[PDB]
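Numbers and lists here come from the model and the stated rules, or from a named source; no laboratory instrument gave them. Virtual Cβ from ideal backbone geometry, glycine too; neighbours counted across all protein chains shown.
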Amino acid sequence: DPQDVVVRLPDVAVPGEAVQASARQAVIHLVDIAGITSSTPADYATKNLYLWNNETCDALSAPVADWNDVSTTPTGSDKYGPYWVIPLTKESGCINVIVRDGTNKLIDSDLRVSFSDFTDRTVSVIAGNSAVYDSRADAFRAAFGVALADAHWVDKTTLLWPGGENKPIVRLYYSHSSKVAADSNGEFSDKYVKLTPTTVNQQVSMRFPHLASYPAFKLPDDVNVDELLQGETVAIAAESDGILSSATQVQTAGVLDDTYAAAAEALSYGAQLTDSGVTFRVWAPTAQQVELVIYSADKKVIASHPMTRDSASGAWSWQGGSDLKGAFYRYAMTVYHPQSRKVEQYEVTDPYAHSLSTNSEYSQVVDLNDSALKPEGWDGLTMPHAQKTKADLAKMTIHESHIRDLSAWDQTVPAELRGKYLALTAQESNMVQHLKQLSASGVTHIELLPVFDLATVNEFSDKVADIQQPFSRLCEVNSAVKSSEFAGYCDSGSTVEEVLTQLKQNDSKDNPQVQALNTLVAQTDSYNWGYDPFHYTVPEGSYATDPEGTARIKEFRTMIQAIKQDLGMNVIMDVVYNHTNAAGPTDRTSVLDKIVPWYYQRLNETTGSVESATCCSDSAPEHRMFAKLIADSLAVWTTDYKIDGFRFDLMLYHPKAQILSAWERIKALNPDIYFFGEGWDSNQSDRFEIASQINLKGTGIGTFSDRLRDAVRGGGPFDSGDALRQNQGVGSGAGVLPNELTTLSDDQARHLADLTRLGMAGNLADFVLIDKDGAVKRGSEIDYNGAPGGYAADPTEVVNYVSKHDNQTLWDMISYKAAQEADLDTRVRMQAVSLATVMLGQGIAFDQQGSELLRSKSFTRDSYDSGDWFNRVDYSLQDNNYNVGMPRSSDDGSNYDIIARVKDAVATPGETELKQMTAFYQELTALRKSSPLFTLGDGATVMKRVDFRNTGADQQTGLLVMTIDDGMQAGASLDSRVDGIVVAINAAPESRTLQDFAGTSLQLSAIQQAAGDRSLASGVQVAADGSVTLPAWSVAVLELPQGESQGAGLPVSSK
Ligand SMILES: OC[C@H]1O[C@H](O[C@H]2[C@H](O)[C@@H](O)[C@@H](O[C@H]3[C@H](O)[C@@H](O)[C@@H](O[C@H]4[C@H](O)[C@@H](O)[C@@H](O)O[C@@H]4CO)O[C@@H]3CO)O[C@@H]2CO)[C@H](O)[C@@H](O)[C@@H]1O
Ligand SMILES: [Ca+2]
Ligand SMILES: [Ca+2]
Ligand SMILES: [Ca+2]
Ligand SMILES: [Ca+2]
Ligand SMILES: [Ca+2]
């Protein structure tokens, strides 16, 4: 433009160091940005440092310990500001600094100047900035160069940025090929688009509520966003004299959606078999170039095809021969990445990959419909359990499982199928026969921990050593062991398993040697939960016998087929769309963020950094093209792999609307698909309505309930130390069998029982019960740590559980909490009593694999990387993996003392207890499915039929008494054998007698009668007059038999 100002640096040299510290000295410069804008020489007499020694930093020699002393004035100064020479007692360590003008802080942050990061002890700072810089030049270019990324190009014409508020020059500079910066003289010569102040739209406000308080700026209606977005984009502000105010990078995901998403959403992505051949398509609306690289089976480039860019969508496409089926491929990108600030060139696998090479290095063209990739009969495979009505869904009884947890240890699984999808076909193995038994008794669904492509297992078998293999193999592949306390064992000729067993002997809270070795094993074994997504829509390769190419696809479907057809269970998949394993332009597992940088990840609105609140690299499902990729992904798992439902990890990091959108999309494919998820944190309500327990009321989207879970288990997931033992649950005898440490009051115990009863009636917000004080309360009025307790509209929106893959197993919680006088048999009943609140409740029942086997992880709280050793499940029923070493010290170190106290209170369960627990478990699940009354499905039907006795301040503590009405009132006899059901769970050491049903013709269920001495109700007595005496630690299911007509049943009372 002819006129208008040239934005430029301050006309002054980039400063050097004023002085350098000598011995026993440190030096601090204050780079006076405002006085570098010159005119008069500023005066620095009022500048002073406050300097003091504490315990973290003690290197100062003459620190003044009086805040009102402003005498530590600059040693000298020049045009760039003052500096201080600080005497020291030493040259290592650190010093504490506060920079002041008088007693006012110019930097409102205690400065830790550590001579480790700063070898020459000569640092610089700027006012209003907590950063400690290496040199005055660095600090100067921080102030007068591009920093952060707080500008937000949110649609075509709207740009939000605080740094340009009320300032004369505000513009959007850009360079196709290089990083915007001042030129040889000192001016910003690059092209720009001028910005005018404006007011945020109602659509920008609705779209980005967490930004609607940013100062808004308008772009020319004719601006060419295609060209701007090709390279680095940098918003700049400047004074009247053209001096640079601030300059920041731009986040563009808003405008990318405004510009391209409408067109890009109508397209299909990945390597797609058609009639004419194969269409490749990838979305890369900012890339300068995309070439499709075709690879031979041995990974030699055999063709390279520049792709065609569609300017409306920003998608790139290429069409080739149908002979490309089976070919490996990547996308060679030429694309600017805001994090590196450079135009990167790298090859990336397809985010829409549906097949992969070993370890996910290349994607592969595949037609998932090929009969070659299907087990015989696949096309006719049906769901063994219905999921159509709410009553169908309430029957769901989930068994949460992991591919290695299932088979890694089962000697009766062929050695080569161990830890593999195909282990589920080993029809005579202990593991599969055990699962068949569980299914026959009423476990209806297997939920699989991550079986999409995860990043954290090396699928090259030659770089892996598992504990069943020689210890010398572990030394080969894990160079770290050779320099470790176990190095002597490389010669042993014994397996790692055999070694770890020997380490149990001397293992203790002082000598945690089992865990010490296992930490090394964990680095290079085959084991991980897998919450670490590499590709969302390919199976994991390490669980295939052959991870190269398409074999894993047929092996996966063969597993799926055996579960439905041979075990008789539906399959749920854990999915993890809330984060990616990595982001940025360099990491091997950064896929989405290499192709469309800063679009698929959720970013800090100020720094532009990829957030990590999930654990890892947070994703952005509020962005339209990630929403599409999620829905497309689930479509494949639904249709091509016949997955019956999905559990979303950290679902509350997703918009409610996005999750409902994905659900309507998938229901168009199969109406019976069930969606549910877990969540507690997020802190994303500022950006959108999150998909949380509270917000999902009425949607039919299920959520894990932590209410009954914590009431029955006791305590909470963040307890540590003695609190693990004091915070007894209903299942472990809160109030009624106190241990030596607890101070649980009767009121507290009765509070837990309110939460438990609420959960057994499906945790509905509007269920009305009598609370711990005899007060009438709606479910939402029962407190849960501040939140409303009951939150749902139907029991099918609530997933009850008392054990899960994450946090301590149920058995380990009982071991922490059970009084010394509870013997081994009483603790087994505690496990069953605990599980009974889930299995006999109206919420969907969920449980961890092996709870029927008293599963233990040796007190490990978080076993995601704790290997075969601590996650062992022994389907030969020799033990429950209890007491196999102290858990990992890095996470449970603070628990070693309480563990040592409690650990050896009773014997370790052996085969007798394991068989007894399993019978108890099957008894519970056979009861759950013995009557429609347990699984009403609909929350209004729950309210009209479900009540509780033994409530109020004078209840018998720990006795849970639920009634389910099948009588003349409420409605019709959904159950032709009974007019009502009584569920009684006597979680207490005393025998108890019920009088609430005197004269009523009550009788024990046939299932519990059949089990005889093995029943949870063994010893129950029903007297002639209908009074019922319940043993200690018992579970009893009673029914009023039904006559030629429908009896009066157990009418609910209007409270
Ligand atoms: O070597 C001693 C300590 O020196 C430094 O502490 C400084 C602070 O940085 C100054 O800000 C100030 O502290 C004020 C404080 O800001 C003021 O609010 C008030 O503190 C209140 C406090 O708000 C309130 O929560 C409650 O605790 O009452 C306090 C007073 O009892 O008063 C303070 C005194 O001026 O001055 C101190 C000087 O000691 C340095 O930051 C420390 O790390 C260091 O240990
Ligand atoms: Ca230096
Ligand atoms: Ca993998
Ligand atoms: Ca591992
Ligand atoms: Ca935020
Ligand atoms: Ca009936």
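Here are a few things to note about the model shown:
- Considering residues of segment 675-699 that are of a type in the set (A, V, I, L, M) and outside any strand (DSSP E or B) only, the residue farthest from ligand 6 (Cβ to nearest atom): 691
- Restricting 508, 472 to residues that are assigned to a helix (DSSP H, G or I) and away from ligand 4 (no atom under 16 Å from the Cβ) narrows the list to 472.
- Top-ranked residue of segment 685-707 - restricted to ones that are in contact (Cβ under 8 Å) with a residue 40 or more places away in the chain and either among the β-branched types (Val, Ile, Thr) or over 30 Å from residue 664 (Cα atoms) (or both), ranked as surrounded by the fewest Cβ atoms within 10 Å (Cβ to Cβ): 694
- Cβ-Cβ contacts under 6 Å between residues 6 or more apart (or on different chains), taken from a first residue in segment 21-50 that is in the same structural domain as residue 92 (by CATH) and surrounded by 19 or more Cβ atoms within 10 Å (Cβ to Cβ) to a second residue that is assigned to a strand (DSSP E or B) and basic (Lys, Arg), are listed as 48/100; 50/100.
- Only one entry of 638, 607 meets the criterion of being more than 16 Å from ligand 6 (Cβ to nearest atom), assigned to a loop (DSSP other than H, G, I, E, B) and in contact with a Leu (Cβ under 7 Å, 6 or more places away or on another chain), and that entry is 607.
- Some residue of segment 600-610 being within 16 Å of ligand 5 (Cβ to nearest atom), out of contact with any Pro (no Cβ under 8 Å at 6 or more places or on another chain) and within 14 Å of residue 533 (Cα to Cα): yes
- Against the test of being more than 29 Å from residue 23 (Cβ to Cβ) and either within 16 Å of ligand 3 (Cβ to nearest atom) or among the β-branched types (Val, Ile, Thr) (or both), the options 113, 146 yield a single qualifying residue, 146.
- Matching residues in segment 648-666 - criterion: being part of a strand (DSSP E or B) and under 18 Å from residue 615 (Cα atoms): 648
- Considering residues of segment 975-997 that are crowded, with 18+ Cβ neighbours inside 10 Å and not in a strand (DSSP E or B) only, the residue farthest from ligand 6 (Cβ to nearest atom): 988
- The sole residue among 783, 806, 823, 794 that is over 23 Å from the mean Cα position of the chain (by Cα), surrounded by fewer than 24 Cβ atoms within 10 Å (Cβ to Cβ) and in contact (Cβ under 8 Å) with a residue 40 or more places away in the chain is 823.
- For segment 128-143, the criterion of being over 30 Å from residue 231 (Cβ atoms), in the same structural domain as residue 47 (by CATH), surrounded by 15 or more Cβ atoms within 10 Å (Cβ to Cβ) and under 38 Å from the mean Cα position of the chain (by Cα) is satisfied by at least one residue.
- Residue within segment 304-315 that is crowded, with 23+ Cβ neighbours inside 10 Å and under 30 Å from the mean Cα position of the chain (by Cα) present: no
- One residue alone among 451, 464, 521 is of a type in the set (A, V, I, L, M), more than 12 Å from ligand 4 (Cβ to nearest atom) and in the same structural domain as residue 882 (by CATH), and that residue is 451.
- Considering the conditions (1) part of a loop (DSSP other than H, G, I, E, B); (2) in contact (Cβ under 8 Å) with a residue 40 or more places away in the chain, residue 614 is excluded by exactly one of them, (2).
- Pairing residues of segment 506-532 that are free of Cβ contacts under 8 Å to residues at least 24 places away in the same chain with residues that are away from ligand 4 (no atom under 16 Å from the Cβ), at Cβ distances under 8 Å and at least 6 apart in sequence or on separate chains, gives 506/513.
- Qualifying residue in segment 329-349 (condition: assigned to a loop (DSSP other than H, G, I, E, B), among the hydroxyl-bearing types (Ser, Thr, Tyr) and buried (at least 23 other Cβ atoms within 10 Å of the Cβ)): yes
- Selected residue (only one of 1000, 1029 is away from ligand 6 (no atom under 16 Å from the Cβ) and over 18 Å from residue 837 (Cα atoms)): 1029
- Residue 425 fulfils the conditions (1) in contact (Cβ under 8 Å) with a residue 60 or more places away in the chain; (2) farther than 17 Å from residue 562 by Cα except for a single criterion, (2).
- One residue from 58, 101, 69, 117 being acidic (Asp, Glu), within 11 Å of ligand 1 (Cβ to nearest atom) and either more than 29 Å from residue 10 (Cβ to Cβ) or surrounded by fewer than 19 Cβ atoms within 10 Å (Cβ to Cβ) (or both): 69
- Remark: pairs (first residue in segment 89-103, closer than 14 Å to residue 71 by Cα; second residue within 16 Å of ligand 2 (Cβ to nearest atom); Cβ separation under 9 Å; 6+ apart in sequence or on different chains) = 99/28; 99/30; 99/125.
- For residue 566, the stated conditions hold: it is closer than 30 Å to residue 366 by Cα, more than 16 Å from ligand 4 (Cβ to nearest atom) and not assigned by CATH to the domain that holds residue 355.
- Helices (runs of 4 or more DSSP H) wholly inside segment 879-974 that include at least 2 residues being within 30 Å of residue 702 (Cα to Cα) and aromatic (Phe, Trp, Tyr): 911-928
- Residue 190 being among the acidic types (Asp, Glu), over 15 Å from residue 246 (Cα atoms), more than 37 Å from the chain's Cα centre (by Cα) and in the same structural domain as residue 94 (by CATH): no
- From the options 827, 861, residue that is in the same structural domain as residue 500 (by CATH), out of contact with any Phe, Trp or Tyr (no Cβ under 6 Å at 6 or more places or on another chain), among the basic types (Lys, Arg) and under 20 Å from residue 753 (Cα atoms): 827
- Scanning segment 740-770 for residues that are in a loop (DSSP other than H, G, I, E, B) and either in contact with a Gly (Cβ under 8 Å, 6 or more places away or on another chain) or surrounded by fewer than 20 Cβ atoms within 10 Å (Cβ to Cβ) (or both) yields 740, 741, 743, 744, 745, 761, 762, 763, 765, 766, 767.
- Note on segment 1-20: residues that are farther than 25 Å from residue 120 by Cβ and either of a type outside the set (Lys, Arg) or exposed (fewer than 14 other Cβ atoms within 10 Å of the Cβ) (or both) amount to 10.
- Residue 463 vs. criteria in contact (Cβ under 8 Å) with a residue 24 or more places away in the chain, away from ligand 6 (no atom under 16 Å from the Cβ) and exposed (fewer than 13 other Cβ atoms within 10 Å of the Cβ): yes
- Residue check, residue 1029 assigned to a strand (DSSP E or B), surrounded by fewer than 22 Cβ atoms within 10 Å (Cβ to Cβ) and in the same structural domain as residue 960 (by CATH): yes
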